[PDB]
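Engineer: This one's a deposited entry, sequence included:
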Amino acid sequence: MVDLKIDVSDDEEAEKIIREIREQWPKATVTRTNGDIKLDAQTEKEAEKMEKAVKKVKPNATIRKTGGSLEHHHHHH
């Protein structure tokens, strides 16, 4: 699981976040809340696609990405 919280400054784009996520991922918990979008990804790659689908509405989308994985630096280039 990857924590994805998408800031939303407008109502219509917030609608577009929900549609562009849930059309591919019906299981993706999208909690519509005036101010943000509370979203949960399954894996890191899944998050890469999810946050990208948001960026298909808004390229400079401020997305709060927490957790994902404890990327072990000895196993990291």
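Structural biologist: The structure has been received and is ready for your questions. Numbers count the residues shown, from 1 in each chain.
Engineer: and residue 13, that one's in a strand?
Structural biologist: No: secondary structure of residue 13 (DSSP: H, G, I helix; E, B strand; the rest coil): helix, not part of a strand.
Engineer: out of everything not next to it in sequence, what's closest to it?
Structural biologist: Leaving aside its sequence neighbours, residue 13 sits nearest to residue 57 (C-beta to C-beta, 6 or more residues apart in numbering; 5.5 Å). Any C-beta I mention is one placed from the backbone N, CA and C, and that applies to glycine too.
Engineer: quick one: the helices in the chain?
Structural biologist: 11-22, 44-55 (DSSP state H).
Engineer: May I have the first one as CSV, with CA atoms only?
Structural biologist: What that stands for is helix 11-22. The C-alpha coordinates for helix 11-22 follow below in CSV (Å, rounded to 0.1, in the frame of the first residue of the first chain):
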residue,chain,number,x,y,z
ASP,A,11,-14.4,21.1,-7.7
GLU,A,12,-14.5,20.1,-11.4
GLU,A,13,-10.9,18.9,-11.5
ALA,A,14,-11.5,17.0,-8.2
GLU,A,15,-14.4,15.2,-10.1
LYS,A,16,-11.9,14.5,-13.0
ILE,A,17,-9.4,13.0,-10.4
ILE,A,18,-12.1,10.5,-9.2
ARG,A,19,-13.1,9.6,-12.8
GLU,A,20,-9.6,9.1,-14.2
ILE,A,21,-8.6,6.9,-11.2
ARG,A,22,-11.7,4.8,-10.7
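Engineer: in it, what's buried?
Structural biologist: Within helix 11-22, the residues scored as buried using 16 or more other C-beta atoms under 10 Å are 14, 16, 17, 18, 20, 21.
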